[PDB]
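Only one chain is given next, in structure tokens, and it is the form deposited in one PDB entry.
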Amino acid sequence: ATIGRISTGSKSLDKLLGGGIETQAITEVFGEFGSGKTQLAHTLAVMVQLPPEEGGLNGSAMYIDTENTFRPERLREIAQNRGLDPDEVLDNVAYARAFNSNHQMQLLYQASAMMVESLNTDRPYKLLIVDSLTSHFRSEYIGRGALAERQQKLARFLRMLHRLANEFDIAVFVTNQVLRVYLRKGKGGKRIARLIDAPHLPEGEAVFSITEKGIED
């Protein structure tokens, strides 16, 4: 029942989030294409695996890809640049591609089954990534008349994500193309993260960089 924390790689971004990404909660990052959402997702996929003193929870990660954003070659560079074995870091990230919105919900029943199997092991799942959470729902429910249903399907998927985060004590990290964090391009390849409407965290901004290590100050 202790709320775990995952470092994002950047200490200024971790400060804004009150210590990092929370287990038993969903953290949403939104912004335009190229604002760093997937780089943050890839950095977290590595960070989670690290011991607490280094910013992780000694866990494994699951990655649900909706629009082919997963880059194992990028995860290998981040693992290498942080002094880890890239093939071992890769082995600890379960990847699954969602082809449609209904397949996306079905993937959560598979994540649930996988989480149970790895629960007693020395490396339980501590992170679930959903890259471009809303892309399939917007593709399939177009126009004024399918707005009610899209919102209904989306709310249902969010209810499911909340249940998994609470019963397995995992962080859920979701990305959303343009807890909520707005990402934006800053000056000189810098990125600005702005925290919006957090109940117990003040609004503020955090500037960070995209490097060979993924995300850092």
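One rule holds for the numbers: they count along the sequence shown, beginning at 1.
The same protein also exists as the form solved in complex with a small molecule; that form is not shown, yet it is the one meant from here on.
Contact with the small molecule, judged by heavy atoms within 4.5 Å in the deposited complex, is confined among 52 to 60, 33 to 41, 165 to 173, 146 to 154 to 33 to 41.
No residue of the trio 11, 14 and 126 has any heavy atom within 4.5 Å of the small molecule in the deposited complex. Within 4.5 Å of any heavy atom of the small molecule in the deposited complex lies no heavy atom of residue 82.
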